[PDB]
Each structure stands twice: as C-alpha cells, then as structure tokens.
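Visitor: Give the three-dimensional model of this entry:
(4 chains)
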Amino acid sequence: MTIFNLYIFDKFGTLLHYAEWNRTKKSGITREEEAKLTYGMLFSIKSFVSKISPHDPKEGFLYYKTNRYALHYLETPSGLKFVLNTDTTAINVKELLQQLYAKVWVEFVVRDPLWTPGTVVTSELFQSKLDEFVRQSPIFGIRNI
Amino acid sequence: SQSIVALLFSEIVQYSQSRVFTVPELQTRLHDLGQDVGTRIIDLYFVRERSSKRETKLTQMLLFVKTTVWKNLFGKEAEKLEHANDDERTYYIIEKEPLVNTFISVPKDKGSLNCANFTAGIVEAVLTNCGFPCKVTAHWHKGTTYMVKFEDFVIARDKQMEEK
Amino acid sequence: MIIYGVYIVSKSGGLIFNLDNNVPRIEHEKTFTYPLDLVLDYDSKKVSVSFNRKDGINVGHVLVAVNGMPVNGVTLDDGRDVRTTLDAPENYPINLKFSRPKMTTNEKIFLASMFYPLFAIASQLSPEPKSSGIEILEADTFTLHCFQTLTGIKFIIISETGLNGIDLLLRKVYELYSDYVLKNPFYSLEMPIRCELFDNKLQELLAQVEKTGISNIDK
Amino acid sequence: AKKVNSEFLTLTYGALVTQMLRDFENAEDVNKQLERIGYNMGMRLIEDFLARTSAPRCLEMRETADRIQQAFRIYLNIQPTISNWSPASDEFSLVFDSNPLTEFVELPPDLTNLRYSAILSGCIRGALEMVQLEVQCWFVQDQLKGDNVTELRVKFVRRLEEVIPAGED
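Guide: Numbers count the residues shown, from 1 in each chain, chains lettered A, B, ... in the order given. You can find the structure just below:
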C-alpha cells in the first residue's frame, strides 16, 4: 500500500514532475491544471499563515490532514516545492522528503547535464530512482508534527 | 429535553416578534400566554400537590402556591420572598433562575423585558384565580425579580381578616 | 494548551464569529543610529522592513510608532512621513517602535473568506476515492483543527501547535453552538452571532481550558 | 435529564395553538404557520441531536429512521416505533403512542380540518433540510383524529448531502 503521488514545483510555480503509484480517484481535471491549482492553493496557505501567525513562522506551513487520507508539504529555500500524498497515520515524512530532495533530486536531476534548468524532468534514471527511493519505505501514513 | 423547551419557547418569542410590532405589546402577548398557563395549572394543583385542601389567606397562599407551582413547573421554588412595608401593596417575589435562559437570552439592546414577564403572567393568572387580582412587573434587578400589586378590595379584605 | 483564537463560519463560509484569546504580537525598540540595516520598504499602507531581521525585529514587523509619536499607515501622527523622518540624518540617534500588524478585524474577515475555499477545495480531486476534506492543518507556530458539523457549519480554532485532545473541545464548542441557536433559530447563519451571554459562556470554556482541566469535560 | 415537566411543555404548545386560532381565523393558515415554525425548529433540533451523538450520515433510509426515532425518544422521552416501509424501502411510517404536545389536549369539533401536532412534521422537515436531506413528512394518522396513535409518513424523495462533506451549496 505505497504512496499515492508526489509533486514538484519551482520557485516560479511550474510543475516539474508528477509520479503516481496508488491514487485511485480518477481525476476530472487534466493533471497540469490540477498542478497549477495546487500550487496556487499552497501559495494561498503560505500567505494565510504568514498573516495569521502568532509569531515568526520560521518554516511556516507544514501539512494538512483529512480523516481518510493525508498530505504533506516540503519547502526548499530556493523556492522549489515538494508535495506528496500519504495515508493519515504512520511515522512522519517531512524528513523522508528532505532526504529525497538532498539525495535523489540533487543527484539524478541537477547533476544531469541533459536536464535543462526549469523544465520537466524526463530522465529514465531519475524516474526509476524515484521509483526505488519510494519503494525504500512504501509506508502510508503521516501523523506529522 | 431542556433544549426542546428552549427551542419551542424561542419559536414563541419569534412568533410574537413577527406579528407584534413593538416590544411592550410583545411583553403583553407573553403575559397573555402566562395567563393561559395559570388559568388551568392552578385548578390542577389544587388537589394533587396542594394537600387537596383549599387555602385562602394571603401570604400562606402566596408562598405555598409559589413553591407548588415551581415544583410542578421546574421543580425549583423561588429563592426568596420580599413583602414591603413602605407599600403594603408592594410585594416582591424573586427567583434567580429565569425560565427564559433555557435558551440563553435575547439581544440586550432592543428589549429590556423578556420571558420574565411571561412567567409574571402565569403568576398573575394563579393569583387572580385564587382570589387575588394583581398586576406584576418583571425587573432585571437582582436577577429575575418580580413585584406584585394586589387588588384593593382584596387588600382591604385581608387587612380586615388579619385577625379572626 | 493556550488558545490563540477561536472561530466559526457558515454555509456561506463567512466568518460568523472571531473571538480572540489575547495573544499579543512581539515588539521591539532600539536606539537607532545612522541609516538602519533594517531594510525599510514602503508597500501600500505598510511601512515595514524587507531584510536584516535583527534583534528580534521580524521582516513582517510593521512600523507601529516612531520616537514615541504614533505612525499611521504611511505617514506619522504629527504629519511627518516615515521617509522624511528617516532620511533626515540629524534627528538620529533615535528610537523606533516596531511590531507586527494585528490584522484589523476587516482583514481577518478577508482572511477567513479566502481560507474557506481551501476547506471546500482541499483537493476534492484527491487520490483516495470518495474522499473527505481537510480537518487538521498543522503550521509553524499554530495548528488549525476544524470540525465539520458533518452537515453544514464549520468549526475551526487556533491552538498551541504541540497539543492533542482538542477535537473533543471542538465537540464541546459545538454543544455551546447548540445552546445558543436555541436562543432564536431565526437568529441564523445570515446574521453573525455576537450575543454576549453565549459569548461569555464560551470565554468560560476558555477559562476552564486555560487551567489544567481539559480532561474533566466540564466546560 | 430534561429538567422540566411534561405538562409545562404541553401548556406552552396549547398556548401557541389557541393563540393561532385567535390571531388567524383559518385552520389552514395557522397550520401552515406552525409548520413553518416547526421547520425552523428542525434547523436546531437536528444539530442538537447531532451534538448529543454524531450519528452516521446515511447509508440507508432505516438508518436515518432509527436515528430520528432515537432523537424522538431523546427530547420527548418516548420511544417511537418505525414501521410500514416502502417496497423500495425509501419511505417509512413513525409511531408515537402519546405526544406530550399532542396529549393533555383534545379538539373542539369545529377544527376538524386542523392538523394539530403538525409542528412535528415541520420539525422533521427543517431538521432534514439543515442536514441537506430532502424528505416529505405528514401525519398519515394523528392521535386526535380517532387514530390509535399518531402515524407519520417520511418520503425521502432525493438527496442533497454528498459522500464528501464538501456537498452542494
């Protein structure tokens, strides 16, 4: 029962890649507009907290939850965004996304000469390595702090 | 429930607030409802809960009818009774529990008076049907308080039978 | 356990009630010398800083008072403007008050307004089928818990981030809701609920939960 | 605990009915008026019955049916008894032996066209509409009309609340 999906968005708000494993609710929206909608929503939540914060939001937003699934968010200071869907309840995954960034992305993307900056990744090695790093802990559930 | 009665009474107040234009006549309408309640409760409780025996004398009937009506209404007698020398017609019956707050109360800008008057209406019904025509005012003084203006022929009548 | 604020919104999503539990914003003063490393930037009624958040003056710390004299949106109380005051040197060395903009009520209305879709559009195109929306949104230094009435109204409150056992507290605020809507069912969602009786009953729920007992369901 | 005496609620309901007979001459108007006030009752009755218990929304009709019978036994302290289903299981009948509202009151013969306890049908209506659920309810038999016990109909024509709590609004 592995993760549903995983999203990437640049500091300009463009969808880099979407990998799906177990998402089932078949989308009425073509994925690109959906990614745009999600990036805008996340931006909205950033503004939302940055206004209604009692004090400094050092890392600001963390994630949101539903009763029957959950989702988590990762912020990269360069402005790239990380989003994946998980189940509601298992270990946290903020760290797991940090790791995926610092290893899989920084290795199999930027250190790829044939990925031009700010486009869609289409590397079969980045694809397969994402597949395997997810298959590392195909764990579903978050209960994130 | 408690809350079902609170809801039905909110619809009471709202039906008034609809087909009534200004506040004091709304309180009048509440008072009418109270008369309706008393008109039959008093005859009920003559027997079952009032020793089945009539009581005529003023202060005894006041206090005992107070208590019996409150036991069979909410099961909570009024917390105190004041009868005032400075106006022998002026008595105060005061209960910290408002019947109204089963639903907690109204706007505090438009209507100074509330259900307090409707309870006062039930009071007026039972008094005037026992033999004690009286006018009752509800005041937001020391919580829900009341004041009773008995009947003059009545006031002379008991003032005379103060002795036997 | 300390609650920063409490809220409820309607089928419209309009902010029906926004009691705040007295959580102040930080303040700073320091005897400012020649032009300040605080990077002051004018942005549309905000006289803020964009960089060099030093000494506990966050970026979002809007200029609040100048040299004791209050400062208003863009200019000051006395008529001086922030720019003219600042760039004139010989006034220095001086004190400047700074703090964060307690979003005036209307702004809070706007905030609740813009948030409502996120509730209703919490990826309704979810992975998981026939899903359900948002309920829990953790954040940096607050956490949002919402209780859908399961049909209709939304119940969102703002609590200390590191905490559990609050959804039952939401159920009890739901009970307070029922208590009040007993008042006048005509007093419906369309108008907002500002009736000081139920409201002090809520602040007593607050009073209980400020003390230890959130077990002891007593409200 | 309900902290209140059944007769006092009955007297308030009688006060309403008599006051309607006075203020408005016709039974049809006073009945539709009380049905409106009961509709507006339901908008708070249903949320209360949810605050007492977060019942499941709906998988089937009889689930709503025993939910509402639970609620009826809650505030009226009287256990109802569901019966008379549709072949399609969509609509059922509801049984009250004696309503504190309905009872302690009989009816003057002029008011036969009046449907007295219709405040409950209004209650059901508004209760189902704040819960975004479309139903039709009328008392097919009423204790006062010579019926053994008050019998309702509950015609759940269609739906307005979806499986996700986003819903249509």
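Visitor: Residue B:68: neighbour count?
Guide: Residue crowding around residue B:68 was assessed by other C-beta atoms under 10 Å in any protein chain shown; the count is 20. For the C-beta atoms, the positions are set from N, CA and C on the backbone; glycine is no exception.
Visitor: With the one 5 residues further on instead?
Guide: Applying other C-beta under 10 Å, we find 20 residues neighbouring residue B:73.
Visitor: just residue A:103 next, same as before
Guide: 12.
Visitor: ditto for the one 3 residues further on
Guide: For residue A:106, the count of nearby residues is 11 (other C-beta under 10 Å).
Visitor: remind me, longest helix of chain B?
Guide: If you go by DSSP state H, chain B has its longest helix at helix B:23-47.
Visitor: For chain B, see how far away residue D:163 is.
Guide: 30 Å (C-beta to the nearest C-beta, to the nearest Å).
Visitor: need the residues of chain B near chain C, please.
Guide: Residues of chain B lying near chain C by C-beta under 8 Å from any C-beta of the partner chain: B:3, B:6-7, B:10-11, B:13-14, B:17, B:102-108.
Visitor: just the helices in chain D please.
Guide: D:6-23, D:27-52, D:61-75, D:119-130.
Visitor: does the first one come close to chain B?
Guide: Yes. For a cut-off given as C-beta under 8 Å from any C-beta, helix D:6-23 has contacts with chain B, namely D:7-9, D:11-16, D:18-19, D:23.
Visitor: By neighbour count, which of those wins?
Guide: The most crowded member of those, judged by other C-beta under 10 Å, is residue D:11 (24 neighbours).
Visitor: before we move on, the earlier item: and the residues of chain B next to chain C, which are buried?
Guide: Buried by 16 or more other C-beta atoms under 10 Å in any protein chain shown: B:3, B:6-7, B:10-11, B:13, B:17, B:102-106, out of the residues of chain B next to chain C.
Visitor: and the longest helix of chain B, does that touch chain D?
Guide: Yes. Using C-beta under 8 Å from any C-beta, helix B:23-47 reaches chain D at B:29, B:32-33, B:36-37, B:40-41, B:44.
Visitor: Check which element follows that helix along the chain.
Guide: Moving toward the C-terminus from helix B:23-47, the next helix or strand (DSSP states H and E) is helix B:58-73.
Visitor: Packing partners of that next one?
Guide: Helix B:58-73 sits against helix B:23-47, strand B:80-83, strand B:90-94, helix B:116-130, helix D:6-23, with contacts defined as 3 or more C-beta pairs under 8 Å, 6 or more residues apart in numbering or on different chains; DSSP states H and E.
Visitor: Please repeat the previous calculation with a cut-off of 10 Å.
Guide: helix B:23-47, strand B:80-83, strand B:90-94, helix B:116-130, helix B:152-160, helix D:6-23 (3 or more C-beta pairs under 10 Å, 6 or more residues apart in numbering or on different chains; DSSP states H and E).
Visitor: between the ones you listed, which gets nearest to chain A?
Guide: When the helices and strands packed on helix B:58-73 are compared by C-beta to the nearest C-beta, helix D:6-23 sits nearest chain A, at 38.1 Å.
Visitor: surely residue C:116 meets residue C:134?
Guide: No. If you go by C-beta atoms under 10 Å, residue C:116 and residue C:134 don't touch, sitting 11.0 Å apart.
Visitor: The two: who's more crowded?
Guide: Applying other C-beta under 10 Å to residue C:116 and residue C:134 shows that residue C:134 carries more neighbours, namely 24 against 17.
Visitor: ok, for that one, nearest residue in space, not its chain neighbours?
Guide: What sits nearest to residue C:134 in space, not counting adjacent residues and going by C-beta to C-beta, 6 or more residues apart in numbering or on different chains, is residue C:122, at 3.8 Å.
Visitor: hang on, that neighbour in a strand?
Guide: No. Counting by DSSP: H, G, I helix; E, B strand; the rest coil, one finds residue C:122 to be coil, located in no strand.
Visitor: quick one, what contacts it?
Guide: Applying C-beta atoms under 10 Å, 6 or more residues apart in numbering or on different chains to residue C:122 gives the contacts A:41, A:64-66, A:71, C:131-135, C:137, D:164, D:166.
Visitor: Take those residues and keep only those in helices.
Guide: Going by DSSP H, the helices hold residue A:41 from those.
Visitor: Can you name the residues that contact residue 102?
Guide: No chain in the question, so chain A it is. residue A:76.
Visitor: ah, I was thinking of chain D
Guide: If you count contacts by C-beta under 10 Å, 6+ apart, then residue D:102 has D:10, D:13, D:96, D:116-117, D:119-120, D:139, D:142-144, D:149-150 around it.
Visitor: Out of those residues, flag the one nearest to residue D:90.
Guide: Nearest to residue D:90 among the contacts of residue D:102 is residue D:139, at 18.5 Å by C-beta to C-beta.
Visitor: Next one: the closest residue to the closest one other than its chain neighbours relative to residue C:45, how far apart?
Guide: Residue nearest to residue D:139 in three dimensions, not counting chain neighbours: residue D:152, with 5.1 Å by C-beta to C-beta, 6+ apart. According to C-beta to C-beta, to the nearest Å, residue D:152 stands 60 Å off from residue C:45.
Visitor: quick one, phi psi at residue A:83?
Guide: Torsion angles at residue A:83 (phi, psi; degrees, to the nearest 10) stand at phi -140, psi 130.
Visitor: Return the entry from the residues of helix B:23-47 next to chain D with the maximum number of neighbours.
Guide: residue B:33 (26 neighbours).
Visitor: Against residue D:103, how distant is that one?
Guide: From residue B:33 to residue D:103 the distance is 20 Å (C-beta to C-beta).
Visitor: doesn't residue A:142 make contact with residue A:87?
Guide: Yes. With contact defined as C-beta under 10 Å, residue A:87 reaches residue A:142; the gap is 6.9 Å.
Visitor: Looking at those two, which one has more neighbours?
Guide: Under the neighbour definition other C-beta under 10 Å, residue A:87 and residue A:142 were set side by side, and residue A:142 has more, 24 against 18.
Visitor: ok, the more buried one - contacts?
Guide: A:63, A:65, A:69-72, A:84-94, A:96.
Visitor: Mind doing that once more with 7 Å?
Guide: Applying C-beta atoms under 7 Å, 6 or more residues apart in numbering or on different chains, we find residue A:142 in contact with A:63, A:70, A:72, A:86-88, A:90, A:92-93.
Visitor: I'd like a version of these in JSON lines, one that adds distance to residue C:77 as further columns.
Guide: Converted to JSON lines, the contacts of residue A:142 look like this (distance: C-beta to C-beta, whole Å):
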{"residue": "A:63", "distance to residue C:77": "43"}
{"residue": "A:70", "distance to residue C:77": "49"}
{"residue": "A:72", "distance to residue C:77": "47"}
{"residue": "A:86", "distance to residue C:77": "53"}
{"residue": "A:87", "distance to residue C:77": "56"}
{"residue": "A:88", "distance to residue C:77": "52"}
{"residue": "A:90", "distance to residue C:77": "56"}
{"residue": "A:92", "distance to residue C:77": "49"}
{"residue": "A:93", "distance to residue C:77": "51"}
